[PDB]
């Protein structure tokens, strides 16, 4: 509803300072590290606040839909909110770093933290501290809950899987080296599973699972199986929207075809090309020179990407309903649809 979700929404954002407080209030005056804590306060302020905030809100939704009435107390609520910002902090730590390893300039419409003059390679240690902050907030609000160790293990494992996923990206598409050989479907796919799927979709539901007491390996697997599907599709959509989309598109209607980027668009292009294009492409992708980019898009209309999308997005939604059956046995399908309803959207 255009009422609850935003209500859910304003509560979350209304929580941020509190978290900031948790993190630096005592540190700030500490005669020894006080200088370190202050800076964290700024590190925190610049980078954390800033997305649409979905991933975090997803904990809060699920929890609000999984818990029984015993569990809807306020503290229980606050914890949901806190574990949410925990995912938001984790992601920030990552983004901070993708940017340095990508020599990027802009993020979430502000100049990258590393580029702020005086920062530099030091953002390496600020990302760590951001990463530290997540387990600091967990100790803070859940250290005495039966699910504490599961949560710790869950944040930590997913960190490892996204990194692996980052590795694959790193090794596959260097941003100072074109090479289209490895831009392969399998690769692309495994890149997405690892680098964003787990942290963006599974992690938030899994956390509300452990919070309500569902700690069965086969149920995490049932959830895992369907959220990963979602998350794959989602990244694809994001990929389809960076080129072929525009009308009221999520703020910045920019691009990175220019950036030798492993995108679903490219990958589909590859497999569906004549050595003529396979070279026409092979040469102009990574190209920050307008003529080039423009050409790149031509090739795609030339090959008719957008329709293949519409056949994809379509296959996708079908396959979701199915796995909502085979796998939403003990859990509330209402969880997967509400999240699904805010996902498959499309633009032609």
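Positions refer to the first chain, counted from 1.
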### Query
Per the PDB record, is the mean Cα temperature factor higher over 267-275 or over 147-155?
267-275
### Query
128-136 versus 217-225: which one carries the higher mean Cα B factor per the record?
217-225
### Summary
Among 65, 283, 42, 35, the highest C-alpha B-factor in the PDB entry belongs to 283
### Query
Going by the entry, which of 254, 245, 231, 120 has the most elevated CA B factor?
254
#### Entry: Chain thirds of CA B-factor: placement of residue 334
highest
### Summary
On the chain's distribution of Cα B-factors, residue 110 falls within the third called lowest
#### Entry: Chain thirds of CA B-factor: placement of residue 84
lowest
### Task
Looking at the entry's B-factor column for C-alpha atoms only, identify whether residue 162 ranks in the lowest, middle or highest third of its chain.
middle
### Query
Going by what the PDB entry lists, where does residue 326 fall on CA B-factor within its chain: lowest, middle or highest third?
highest
